Amino acid sequence: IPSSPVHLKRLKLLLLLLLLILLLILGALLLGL
């Protein structure tokens, strides 16, 4: 069954957002909290 590109877009957006939040916390980690 085909998959609309919008689904893939949201699946990639969610991953990018997760990575952004991860990177954000990896910044706080430099302060210790």
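Residues numbered from 1 in each chain as written, not as in the entry; some residues may be left out. Heavy atoms only, no water.

Asker: For this particular structure, what's the right way to read the overall build of the protein?
Answerer: From N to C terminus, the protein includes one helix and zero strands. Along the longest, intermediate and shortest principal axes, the C-alpha atoms of the protein span 50 × 10 × 10 Å. Within the protein, buried positions represent 0% of all 33 residues. With the model as given, the accessible surface of the protein reaches about 3,500 Å², and the carbon-plus-sulfur share is 83%. (Helix = DSSP H or I, 4+ residues; strand = E, 2+ residues; numbered from the N terminus. Buried < 20%, exposed > 50% of the residue type's maximum accessible area, 1.4 Å probe, protein only. Areas by Shrake-Rupley, 256 points an atom, 1.4 Å probe, with all protein chains shown as cover.)

Asker: Sorry if this is basic, but what is going on with a nonpolar patch on the surface here?
Answerer: A cluster of nonpolar side chains, namely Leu 13, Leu 17, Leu 20, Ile 21, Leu 23, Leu 24 and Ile 25, defines an oily patch on the protein surface of about 710 Å² accessible area. Summarising the element assignment, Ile 21 is placed in helix α1 (residues 5-28). (Patch = residues over 30% accessible without salt bridge, like charges linked within 9 Å, V, L, I, M, F, W, Y side chains within 5 Å. Salt bridge = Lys/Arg side-chain N within 4 Å of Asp/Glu carboxyl O.)

Asker: So what exactly am I meant to see when it comes to α1 here?
Answerer: Helical geometry: 3.6 residues make up each α-helical turn, so side chains three or four residues apart lie on a common side. In a regular helix each residue adds 1.5 Å, so 24 residues correspond to 34 Å; α1 covers 35 Å between its end C-alpha atoms and thus fits that length. Counting buried positions along α1 yields zero of 24 residues, so the element is predominantly exposed. (Expected span 1.5 Å × (residues − 1).)

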